[PDB]
Amino acid sequence: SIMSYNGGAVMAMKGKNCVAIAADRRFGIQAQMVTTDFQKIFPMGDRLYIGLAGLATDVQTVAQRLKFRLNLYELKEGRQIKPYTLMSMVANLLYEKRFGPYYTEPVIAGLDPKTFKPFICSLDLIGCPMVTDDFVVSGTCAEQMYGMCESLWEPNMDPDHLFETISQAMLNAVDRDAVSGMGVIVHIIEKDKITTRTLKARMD
Amino acid sequence: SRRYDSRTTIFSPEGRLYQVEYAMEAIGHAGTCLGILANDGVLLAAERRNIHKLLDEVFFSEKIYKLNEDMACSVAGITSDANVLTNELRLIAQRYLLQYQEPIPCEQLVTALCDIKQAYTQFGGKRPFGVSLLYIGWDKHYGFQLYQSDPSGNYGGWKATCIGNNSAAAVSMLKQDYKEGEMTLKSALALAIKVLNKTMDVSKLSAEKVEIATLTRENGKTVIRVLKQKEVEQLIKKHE
Amino acid sequence: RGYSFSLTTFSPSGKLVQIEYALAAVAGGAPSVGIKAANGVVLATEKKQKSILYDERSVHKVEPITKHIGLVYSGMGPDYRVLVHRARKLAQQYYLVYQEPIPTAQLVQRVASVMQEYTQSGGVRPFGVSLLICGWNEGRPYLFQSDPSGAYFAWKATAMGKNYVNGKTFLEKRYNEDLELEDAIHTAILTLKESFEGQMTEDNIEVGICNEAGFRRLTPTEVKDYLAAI
Amino acid sequence: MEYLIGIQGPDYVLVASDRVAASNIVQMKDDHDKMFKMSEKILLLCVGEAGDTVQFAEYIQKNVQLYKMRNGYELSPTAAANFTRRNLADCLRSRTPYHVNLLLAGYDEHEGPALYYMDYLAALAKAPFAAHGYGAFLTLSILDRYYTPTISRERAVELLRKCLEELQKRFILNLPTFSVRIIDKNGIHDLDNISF
Amino acid sequence: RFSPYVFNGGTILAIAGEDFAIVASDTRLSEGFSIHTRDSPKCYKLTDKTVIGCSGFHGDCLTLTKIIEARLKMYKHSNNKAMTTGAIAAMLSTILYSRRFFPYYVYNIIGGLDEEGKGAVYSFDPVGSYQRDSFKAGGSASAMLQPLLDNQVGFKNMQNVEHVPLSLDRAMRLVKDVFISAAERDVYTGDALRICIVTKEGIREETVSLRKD
Amino acid sequence: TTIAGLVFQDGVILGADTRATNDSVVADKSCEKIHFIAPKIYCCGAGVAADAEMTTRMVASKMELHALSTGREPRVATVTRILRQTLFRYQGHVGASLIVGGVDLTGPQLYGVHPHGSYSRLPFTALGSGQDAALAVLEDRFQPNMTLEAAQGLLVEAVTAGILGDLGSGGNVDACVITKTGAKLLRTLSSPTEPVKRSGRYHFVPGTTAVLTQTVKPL
Amino acid sequence: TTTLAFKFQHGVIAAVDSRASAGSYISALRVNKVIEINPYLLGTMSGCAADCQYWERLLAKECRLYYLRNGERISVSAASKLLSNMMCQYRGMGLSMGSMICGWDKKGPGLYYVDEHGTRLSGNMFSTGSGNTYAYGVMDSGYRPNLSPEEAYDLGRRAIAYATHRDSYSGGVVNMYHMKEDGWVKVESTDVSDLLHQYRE
Amino acid sequence: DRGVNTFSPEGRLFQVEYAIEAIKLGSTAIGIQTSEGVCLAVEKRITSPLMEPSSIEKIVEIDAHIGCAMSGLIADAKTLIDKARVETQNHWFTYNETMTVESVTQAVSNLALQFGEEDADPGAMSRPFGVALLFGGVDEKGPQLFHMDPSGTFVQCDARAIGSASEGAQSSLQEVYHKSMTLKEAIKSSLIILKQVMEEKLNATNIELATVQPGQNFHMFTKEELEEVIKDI
Amino acid sequence: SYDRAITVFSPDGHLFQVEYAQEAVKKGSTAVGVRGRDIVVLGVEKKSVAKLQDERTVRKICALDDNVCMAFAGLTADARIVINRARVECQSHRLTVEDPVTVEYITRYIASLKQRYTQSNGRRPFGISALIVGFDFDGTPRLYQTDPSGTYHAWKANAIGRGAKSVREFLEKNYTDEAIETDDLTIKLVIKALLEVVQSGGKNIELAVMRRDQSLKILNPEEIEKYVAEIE
Ligand SMILES: CC(C)(C)NC(=O)C[C@H](NC(=O)CCc1ccccc1)C(=O)NCCNC(=O)c1cccc(-c2ccccc2)c1
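Going line by line, the protein sequences match chains Z, B, S, V, H, W, C, L and G.
What the first sequence shows, in my numbering, is residues 39 to 242, in sequence order.
What the second sequence shows, in my numbering, is residues 356 to 595, in sequence order.
What the third sequence shows, in my numbering, is residues 8 to 237, in sequence order.
What the fourth sequence shows, in my numbering, is residues 63 to 258, in sequence order.
What the fifth sequence shows, in my numbering, is residues 100 to 312, in sequence order.
What the sixth sequence shows, in my numbering, is residues -5 to 213, in sequence order.
What the seventh sequence shows, in my numbering, is residues 1435 to 1635, in sequence order.
What the eighth sequence shows, in my numbering, is residues 21 to 253, in sequence order.
What the ninth sequence shows, in my numbering, is residues 94 to 325, in sequence order.
1) Using a Cβ-Cβ cut-off of 6 Å (strictly less than) and excluding sequence neighbours within five positions of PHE65 of chain Z, which residues of its own chain qualify?
2) Run down chain C in chain order and give the residues with a C-beta less than 8 Å from the C-beta of residue 261 of chain L.
3) Give, in chain order, every residue of the region 55 to 66 of chain W whose Cβ lies closer than 7 Å to some Cβ of chain S.
4) Please compile the residues from chain W whose C-beta is within a distance smaller than 7 Å of the C-beta of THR236 of chain Z.
5) Taking the alpha-carbon positions, what's the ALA151 of chain V to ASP252 of chain V distance?
6) Shorter than 9 Å from the beta carbon of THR123 of chain Z to some beta carbon of chain S?
7) With H, G and I counted as helix, E and B as strand and the rest as coil, what does DSSP make of residue 35 of chain G?
8) Provide the residue span of the alpha helix (DSSP H) that contains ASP159 of chain H, from first to last.
9) On a CA-only basis, which of W:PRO138, W:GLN125, W:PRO102, W:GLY65 is nearest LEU92 of chain W? Give me that one, please.
10) Around the Cβ of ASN520 of chain B, are there at least 16 other Cβ atoms within 10 angstroms (buried) or fewer (exposed)?
11) Identify whether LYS235 of chain H lies in helix, strand or coil by the three-state DSSP scheme.
12) One question on the structure: do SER429 of chain B and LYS418 of chain B come within less than 9 Å of each other, judged by their Cβ atoms?
13) Which chain G residues sit within Cβ distance under 8 Å of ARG132 of chain V?
14) Straight-line CA distance for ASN46 of chain S to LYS592 of chain B?
15) What is the DSSP secondary structure of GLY92 of chain L, reduced to helix, strand or coil?
16) Give, in chain order, every unbroken run of the alpha helix (DSSP H) that is at least 4 residues long and sits entirely within the region 121 to 173 of chain L.
17) Can you say whether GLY575 of chain B is buried or exposed, counting buried as having 16 or more other CB atoms within 10 angstroms of its CB?
18) Does the beta-carbon of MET1527 of chain C have 16 or more other beta-carbons within 10 angstroms, so that it is buried, or is it exposed?
19) How about the region 157 to 175 of chain G and the region 108 to 121 of chain G: do they share at least three Cβ pairs that are nearer than 8 Å?
20) Cβ atoms of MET1610 of chain C and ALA1448 of chain C: under 9 Å apart, would you say?
21) Can you list, in chain order, the residues of its chain whose CB lies under 7 Å from that of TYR104 of chain H, leaving out five sequence neighbours each side?
22) Would you be able to state if there are at least three C-beta pairs under 8 Å between the region 106 to 117 of chain H and the region 282 to 297 of chain H?
23) With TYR510 of chain B as the anchor, note down where its beta strand (DSSP E) starts and where it stops.
24) Where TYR359 of chain B and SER171 of chain L are concerned, what is the direct C-alpha to C-alpha distance, given to the nearest angstrom?
The following block contains the structure:
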């Protein structure tokens, strides 16, 4: 599997006008933990984060090209990108490499710029945009996160319960994986503030 | 066929590129534009020609474009060519941010563009861009900066300068009234409204006949802001 | 192969003489009028119709570009067809790439760019049309005027073609910011009616409206109704 | 084989490498240098398939020098690392896949020292210390046992000789002498080559 | 899997004396387990001083000789003089190497007279890589003819033997007797012998019969 | 992914499941498949989801542009033609097994265009992994000139048989009734499954999560 | 083939054997393996022959163009580096070229190794080819930078000698040059087996 | 205005006539062919004492046996010189022999009338070379001196004067030359004619001199050798 | 593409575009250099004092490498192009040779480039004369002048730009081995030269300095002004 060459899994989640994006922090070659502060959740606006996963070079390359097209958009436009626009952009970008695909499985989490409606979406490594309403995951340890999220998620959770849910989701979900973990980062995206939180994960 | 070629890339009998100097005539007829370099920020002040009619003012400003996180540019003369140049600068600076993961300094950006304008001025036979540009932008090497470029591709750093209509009277007033290294942002506002008051012969200056956007530093981030109309009336009234 | 040098050269005074002349050509075009209401935009343009032989319903000057954008011109027709097909191409590229209706300020930026490319390329003359692009989105009206030189102006209400100066002076005294859409259409049709010279009918003046429901042409029945009460 | 290593303390970066360029059984050269001086304050450490190292890394060296001669100043080490990252990524899928593992140790006047890692798939990752080759599998746990964020450069060299003595004891390949350079606000300091 | 090379056999031979250069080859053009023709001489008169052999994949022998002769008239046009054996040797090295990645599979052996009237023989390989020898065999039967030409021409492993210069006749009987020694044993050699002698007088041609079975 | 079609007296009607797997795991529960092509021409999507999306979206743009060009309704022959030339140019790599349907001036036409380019007009069809069950029931109960109600219940029997009888096709069925008058996207026609509730609340009071590092940024 | 070269007080001597073997068969056994580029350059050869002949001859063509343009007699650095670029262009195309560029430039005796991959190495002692390792062994135990030219030559003959003694793909006669300050001079083209009998008794 | 490829009413390209007039403004160079070899001397025409005399090199090497004197637009002849160098060296690589003089002057002569303004796949040459070369050298055919001009016609000449005062000087060449001439006599004679033609007073600085003999390679006479030969004046 | 032949002969053999480009140089800001024992100094006249002006970005004395710097005069934009091409080519030379470029290499390069644009389709000649000064790896000083025609030369000390006739007359008169025995006599030679043509003794050219195996050294206008009073 080329995808699990670096490992790492990121999920988002939807709640009370706030969507929380998580990620693990283990940049590792196959079995060798190399770094514990590798960035996977790249901001794309005041309230819009695009968490990527997979092979490292496609993480950073997709993030940087996307930030290219996004600064061109915001400059050439008069406006920050709406989350649905950003989704169609990233889907276009992964799909331009249809036969040489970036091994990145992004999930985009954020708010409407004006109305501040929560938004998420996950994509596959060729760009099948799959907007959802409860959550998304991505990366080498997707399954454990489907279990923990599908069991822990509930309709209409305010920010704090959201941080509890996504907290335990990432913790339990990565501890049962070898190629991920080494800490966890979490972002709550409210209407007015943005809280960054790292978590105490097993360091082994 | 050779009857039709205007030969826009040849010297004259005295060594003067006729198309570049004619372009300098066109920008010479454009609306005046001037900014000032200070210690706490930089401001641009451009006479608008969208003066006044049934225009809508759908945009935030007329002659001020935003180039990256940390820069701003003012054009003068051919509006369309100014559009092409602005789009090209955005493309350059964003390619630099792709290929280096940092903002592009003003000097590198201006040089990248001025190589383009020079390129048209040399071969290809196309007409040169008749669009002069004043830039303002901060970079962690050299601080606040002002770059004037003209159709010939030549550019220079300035502390305050004015391009366009009555540019001579404007630069004259700056020579008489610029205190090097001691002009504050507000001192820059007052002086700029001074020069624009004296130069713009259309006669009583309004908030509608100019716009001013200022750039400063705030909390490790650069702020590019345009002056709302109330502040413009306030600063002209203060000028009275 | 074709000429590669620009045909538009800075005259020794520095004013691009070909764009002066092209603007004179648009100045001779058939009169057009656009006005922006509070909830939409009106477009009404004069049919310089020759002999009654013409199938007037065969071609229209006010063509939609998507479900929410229009166009009227003033001057050379075929050139206008060029810019229409180019605009439809651009809005479709934008819709494929971003999955959103193209904001009218954008589309006018690109089409303005395409109008600029020919003031500078090899062996082509500038266009001879001055577009009026009306558009609606974000719950807001837009009305831009592009010229042969490529620059575009955002307008409350405007006029172009034959006698555009008296048209604009006619709008300065008769446009008010709170004008609803239908009374806007009345004001525009009066504006053309100042210098029509020919007793307008529902066949020889076109009327376009862009509001929240989208852009479209008013059938000559409805335009006949608005041609009532005048 | 080839073993890089780099540690990043308060105000420096103490990179070390091995000095062997082998051919399938025999050390053809025991005075080879794997550290390519980018600029006044930037070392580039390249290891891997032969030909890719010299060609690629000298390409990067020439682009950086070109930048300094174009603009009168040097790339900040973040910029250089993301630059080499650009070329190696853009060449990852291209006609010429360069199979080089890097560490672009650097010190900036402003941001301070930083030690960028890079596997051969263009994965960039700032780290307080790194390694390469099979010797990484025997040293990185040692650095973890002895590293501290406030380590002094003398203590750094002591640590580094603990790692390298571990290679001479346990690792299987004859790696006799190691290059070791330090980088601080005063530039590069070619320190004494460690031998055994 | 389409295979673009087939071994059409047939051995050549070349010897250099003090004033001449013989070139010889069998004209059996074999393939698989048959005999296409018992006549296809593998020496091609290039100039008045240069007789080039070709064995191996017969198609590339044809194409390669045709390209060589075309290059000779190109040279003669741009320089007003026929290529010597030296130039033909080097040029055939760059021809044979410019296809380094899909070779001409043709063992050339260019024998002829350099500008000093002395013998010279440039044995090649399919990818370039030439040299000047005093004698050489190539092709199918090179391994059975090479050692005997070491013996009666190179005089190696002898004791108390005068290394007399190679006379044209004794070179002849060496050529014919060695090709008989190959015809007895090599399957691909036989059915004829095309011996071309090179001297300042021109190129005289001599043929010999061999085993047909 | 089990999409089907049908043709009755007045017009066509397209079915679709609402699930999309990731190699063993039901990724989505409410993915749409009856995409948009023209104001009355809809295109269902089976196979590689990304390629059906991209293909049908591109062709959607060409039919919109064309539709403004000719000043007319788009004809489904055009849509199928551009779809199968686009699919054919790539030599079947773009595994997007569309089933395009619509209503022209000629009448209701339900084409089916496979990944290599082979299209085939026909009165009823069903693509996707559950094409077995859908083809089964459509074969068994189809009739020329059906009532739109009998068409709706029939197609729901079909895509239903795909839902229950297949693994990689589940969730809710979506049927879109197209007629000469216009299109009505009857989203989530039937919902066989009911498992939406539960009986175990899994809540952790704030503080049960061991947080190491923190930061807050006002906006 | 076994090819070695080392440098000492009095220049650089490069010794090469003279057998060229097509697989298991000995094609020719008095081959000249050391292409002489300039009056005082010297590049050996190894591996597939045609690559060394073509690319190193072409290297001589580059050096001649340089010497005509700048008139300053291209140095060893530019030589090995330029051949390094000719090889690095066709990376992984199958070129089997292991060679060495001996010479004498302004900085002194510059001995370089240029590999098929692009490996490029200055150095004191080299030994390439199929039997390089033996030449390593017999050179090192018996190398010291204070050797006179005589002891140097005998050391070479011992090196290439035993290197072709234990090896299958190496033999014939030993060429051995002496890259002095004013250019090379061919020191010998000696038979090998006769040497091994002079060394066995 | 007209094109570059226009034939006049007389039948010559304009650009080749005006170009062959442009060569008439260059500094006079002269070389002579003898059975011992061929010499080449050219007036530098120093403009100021601030100049480096060894800078102006109008007699440059094309290979070990071909010395290329020139006159005219000295800038243009750089492409010719480099063209010839790449030619003879590629000839050596491919064919393993030195390249004849006729082959070189023919190859480099192929570039003169390679100029135009409509074919132009690259930005190829937009005017004829304003260079008059005089390739000198020795081959198996022996000493030969091939004139060349902008029109691309390369002709064998026994001795030829090219440049500003080529008219009179050439009269001196037909006046003095004879087949049995010895090479030192060639050097002396040519320096005599240059001294006739030059404006400035002659010395060993504002000229150069090279020869190519059957066994000697191309060689430029240094200051002392030039002085030793000018002692005869 | 534009492929008209801009530079064509005229009815005297003259290339009028080249004479016109040299006209553009003759209106350029006057520059001068000199070649000393271990130092090489360049002076660029004043150019555009303009009290609001920025000094740093309006100089005429750019760096081409560690050992090669250059003045010029004329169309400053064009000279920016030539400077850039020469820089990229210097670094490509270090890539393909490992040896820093001799001054002869880079100068003969740029002379080749200017020669090509004198002779290609749709391209005007550069209006720049470049006095590239530098140090060969042996450390000898190097002054090469390159004009729009493309012909380049070594020079003891030559002046380019407007009024280069009178200034060149100056170095013809005052360049002596006593003149360049030391540094300060050299630099007072350069500024003593331009002072015939500078706008009142100045700032109003400041200059530049390069020492053997030492990177380019510039001057601020104070140390320029010391020499100013020292010569005035
Ligand atoms: C004696 C003569 C003059 C005929 N050449 C061959 O047989 C050359 C000999 N070359 C071949 O059989 C070609 C085999 C081949 C068949 C099909 C496709 C590609 C290659 C060869 O070299 N075989 C071992 C690899 N190369 C070497 O071992 C080698 C190493 C150093 C020097 C030389 C060398 C180079 C030039 C002249 C002499 C020797 C060869």
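Don't be surprised by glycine CBs; every beta carbon is placed ideally from N, CA and C.
Once the coordinates are examined:
1) Counting from 1 along the first sequence, the entry for residue 65 of chain Z is found at position 27. Hits under 6 Å: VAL72, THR73, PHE76.
2) Since the first residue shown for chain L is 21 and the last is 253, residue 261 of chain L is missing from the structure and cannot be characterised.
3) Answer set for the region 55 to 66 of chain W: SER55, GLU58, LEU59, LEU62.
4) Reading the first sequence from its first residue, position 198 is the one you call residue 236 of chain Z. Per Cβ cutoff of 7 Å: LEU206, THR207.
5) As a first step, residue 151 of chain V must be located in the fourth sequence, where it is residue number 89. As a first step, residue 252 of chain V must be located in the fourth sequence, where it is residue number 190. Within the model, the alpha-carbon separation for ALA151 of chain V versus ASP252 of chain V is close to 31 Å.
6) The residue given as residue 123 of chain Z occupies position 85 in the first sequence. A Cβ of chain S is located within less than 9 Å of the beta carbon of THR123 of chain Z.
7) Summary: the structure shown does not reach residue 35 of chain G, with chain G confined to residues 94 through 325, and so no result is reported for it.
8) Position 60 of the fifth sequence, counted from the start, is the residue given in the question as residue 159 of chain H. Counting along the chain, the alpha helix (DSSP H) containing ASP159 of chain H begins and ends at 157 to 178.
9) As a position in the sixth sequence, residue 92 of chain W is number 98, starting the count at 1. In terms of CA proximity to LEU92 of chain W, W:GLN125 leads the group W:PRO138, W:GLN125, W:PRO102, W:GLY65.
10) Locating residue 520 of chain B in the second sequence gives position 165, counting from the first residue. Its Cβ being crowded by 16 or more others within 10 Å, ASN520 of chain B is buried.
11) Within the fifth sequence, numbered from 1, the residue matching residue 235 of chain H stands at position 136. It is a strand residue.
12) Here residue 429 of chain B refers to the residue found at position 74 when the second sequence is read from its first residue. Here residue 418 of chain B refers to the residue found at position 63 when the second sequence is read from its first residue. In contact: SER429 of chain B and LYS418 of chain B (Cβ atoms closer than 9 Å).
13) Your numbering for residue 132 of chain V matches position 70 in the fourth sequence. Correct list: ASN177, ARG180.
14) Reading the third sequence from its first residue, position 39 is the one you call residue 46 of chain S. Reading the second sequence from its first residue, position 237 is the one you call residue 592 of chain B. Between the C-alpha atoms of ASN46 of chain S and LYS592 of chain B there is a straight-line separation of about 36 Å.
15) Counted from its first residue, the eighth sequence places residue 92 of chain L at position 72. Looking at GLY92 of chain L - three-state DSSP - the assignment turns out to be strand.
16) Counting only runs of 4 or more, we get 121 to 129.
17) Numbered from its first residue, the second sequence carries residue 575 of chain B at position 220. The residue in question, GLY575 of chain B, is exposed, as its Cβ has fewer than 16 Cβ neighbours within 10 Å.
18) To locate residue 1527 of chain C, count along the seventh sequence from 1; it is residue 93. When all chains shown are included, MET1527 of chain C counts as exposed.
19) Yes, they touch.
20) Start at 1 with the first residue of the seventh sequence, and residue 1448 of chain C comes out as number 14. Start at 1 with the first residue of the seventh sequence, and residue 1610 of chain C comes out as number 176. Contact: yes.
21) Here residue 104 of chain H refers to the residue found at position 5 when the fifth sequence is read from its first residue. Here the set comprises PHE156, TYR204.
22) Result yes; three or more Cβ-Cβ pairs closer than 8 Å.
23) Residue mapping note: residue 510 of chain B aligns to position 155 of the second sequence, counting from 1. Unbroken beta strand (DSSP E) run through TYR510 of chain B: 510 to 512.
24) For the purposes of this step, residue 359 of chain B is identified with residue 4 of the second sequence, where counting begins at 1. For the purposes of this step, residue 171 of chain L is identified with residue 151 of the eighth sequence, where counting begins at 1. If I take the Cα positions, the gap works out to 30 Å.
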